[PDB]
Amino acid sequence: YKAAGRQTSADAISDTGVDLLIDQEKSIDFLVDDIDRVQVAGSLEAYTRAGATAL
Amino acid sequence: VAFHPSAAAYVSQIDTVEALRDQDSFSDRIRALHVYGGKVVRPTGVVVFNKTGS
């Protein structure tokens, strides 16, 4: 203020900005065959848990 | 000037002072206005020596 004589004037205020884009669309999609569900040695539920773990 | 008070008239109509803030600096601004007028209502009742003086 002292170097500017003793003068002042109002500057315009402003913003900065960033955009959070909700732009990631990811999917899991698979078949459990009715024949294989009978013919395998045990449960196949583990593929649903593995699909959820991949996402 | 030799005269009688009743030979001339004066009106002060506005006599005001205000404070403001300066737009260009951190200051008060003090301003005052005076609005007024006057007339010699009877010219023979005012007698002037050296009226052309200065």
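Reckoned from all heavy atoms, side chains included, excluding hydrogens, waters and symmetry mates. Chain letters run A, B, ... following the sequence lines, proteins first and then strands; every chain starts at 1.
- Among residues two or more places apart in sequence or in another chain, the side-chain contact (heavy atoms from CB on, under 4.5 Å) test is passed with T53(A) by none.
- Annotation: side-chain hydrogen bond (donor to acceptor under 3.5 Å, both in side chains) contacts of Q24(A) (sequence neighbours excluded): none.
- Under a 4.5 Å side-chain heavy-atom criterion applied to ILVMFWY residues, the cluster that includes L55(A) comprises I28(A), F30(A), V32(A), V40(A), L44(A), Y47(A) as well.
- Each side-chain hydrogen bond (donor to acceptor under 3.5 Å, both in side chains) pair with one or both residues in residues 30-41 of chain A, not counting sequence neighbours, would appear here, but there are none.
- Heavy-atom neighbours of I13(A) CD1 from other residues, nucleotides or ligands within 6.0 Å: at or below the threshold of 12.
- Hydrophobic cluster membership of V38(A), counting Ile, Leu, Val, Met, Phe, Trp and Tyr whose side-chain heavy atoms lie under 4.5 Å apart directly or via other members: none, as it forms a cluster of its own.
- For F26(B), the ring-ring contact (aromatic ring centres under 6.0 Å, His included) partners at least two apart in sequence or on another chain are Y1(A).
- Applying the salt bridge (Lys or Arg N to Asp or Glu O under 4.0 Å) rule to pairs touching residues 26-44 of chain B yields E18(B)-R31(B), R21(B)-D28(B), sequence neighbours excluded.
- The OG1 atom of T44(B) sits 12.5 Å away from atom NE2 of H4(B), with the distance rounded to the nearest 0.5 Å.
- Not counting sequence neighbours, the partners of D15(B) by the side-chain contact (heavy atoms from CB on, under 4.5 Å) test are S12(B), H34(B).
- Applying the 6.0 Å contact sphere to CG of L31(A) captures no more than 12 heavy atoms from other residues, nucleotides or ligands.
- Among all heavy-atom pairs drawn from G45(B) and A7(B), the shortest one is O-CB, 3.6 Å.
- Here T48(A) pairs with nothing under the side-chain hydrogen bond (donor to acceptor under 3.5 Å, both in side chains) rule; sequence neighbours left out.
- Other residues, nucleotides and ligands contribute only 12 or fewer heavy atoms inside 6.0 Å of the CG atom of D29(A).
- Connectivity analysis of hydrophobic side chains (ILVMFWY, heavy atoms under 4.5 Å, direct or indirect) links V48(B) to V1(B), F3(B), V40(B), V46(B).
- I30(B) belongs to a hydrophobic cluster whose other members, connected by ILVMFWY side-chain contacts under 4.5 Å either directly or through intermediates, are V17(B).
- Contacts of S43(A) classified as side-chain hydrogen bond (donor to acceptor under 3.5 Å, both in side chains), with partners at least two apart in sequence or in another chain: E45(A).
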